[PDB]
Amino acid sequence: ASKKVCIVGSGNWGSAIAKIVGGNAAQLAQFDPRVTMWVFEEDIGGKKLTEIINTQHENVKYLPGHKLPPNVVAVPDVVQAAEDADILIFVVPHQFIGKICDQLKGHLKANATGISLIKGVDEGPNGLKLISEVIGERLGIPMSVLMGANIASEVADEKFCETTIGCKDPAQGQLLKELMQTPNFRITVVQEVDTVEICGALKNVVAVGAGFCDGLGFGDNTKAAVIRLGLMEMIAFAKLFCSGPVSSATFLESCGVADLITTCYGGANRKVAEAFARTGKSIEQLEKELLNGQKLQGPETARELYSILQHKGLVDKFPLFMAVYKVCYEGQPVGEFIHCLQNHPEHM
């Protein structure tokens, strides 16, 4: 009768989302109050982390200081967590989604549906592959996405922000909006899944360019042009690459312009790009110094874009994306970045 929800993931973001979804499932009649959350088990200094969560109602490791609602139940086995869910909320690091889908494949409730909160992009036959497609194809369920200018710490703290839900099915879109929306977490539902999703990968390429601007000492008007041309390349690339409908207007949603802006004024891609431009240190060197060795996604995405556009003969139509690639991997002097924007397709 009422729809059962499983939150597949329990990290910083998954626990922030638990707070909201646990809250709204308990409140709202149409949702089963019992919300399962799959927790990868960890020795929390002796006690099982899933034990600590069900007793203390606090993800002491990944969202310390916050009270997860009591109707949210940690479950160490993902199949047991999801077996009865009508709605699956995928919120794990991209690196673990494959494993989780492998365990879940063939164990879901009939007509179960999913929504991916996983930002970024995967690899596929067409070069880039959307994570929501990896999930939906492996599990055989219809997929929505949730993407926007938001971060777990602020969503847990109830700091005002918005997000975009991409869902092809209007009725399912409205259901997901009811599950996730609060006075400080505002949702717009749009029908273009792929377009909402591809923004999250492309925005980080634009952020590398924005960081180059900061590191080369350009002003805000130059930077605003880099961001805007970057947005226009996002639109043009989605229109040529995405299946499903692509509208310019979708880029004016939170997943598009707002996430772009926040990523270009703060975030690891911008920060490392600026340091690269200022200091001549390699992306690799800065990754070790600043991100404990984490791979920065902006440069890696630019490399994938380069291969896609080379096979289509369109490298010259995306000068900002391709300047990020050439600066990061082919030793193009970062100081020439702006020159690559002086004959842009948008101004032809």
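Residue numbers run from 1 along the displayed sequence.
Taking the PDB entry as given, 46-54 carries the higher mean Cα B factor of the two stretches 29-37 and 46-54. Of the two segments examined, 10-18 and 325-333, it is 10-18 that shows the higher average Cα temperature factor in the deposited entry. By the numbers in the PDB entry, the CA B factor is greatest at 127 among 114, 230, 127, 266.
Of the candidates 272, 79, 196, 156, the PDB record gives 156 the highest C-alpha temperature factor. Residue 251: CA B factor lies in the lowest third for its chain, per the PDB record. The entry lists a Cα temperature factor for residue 69 that places it in the highest third of the chain's modelled residues. Residue 283: CA B factor in the highest third of modelled residues in this chain (values from the PDB entry). Annotation for residue 93: C-alpha temperature factor in the highest third relative to the rest of the modelled chain, per the entry. Residue 222: CA B factor in the lowest third of modelled residues in this chain (values from the PDB entry).
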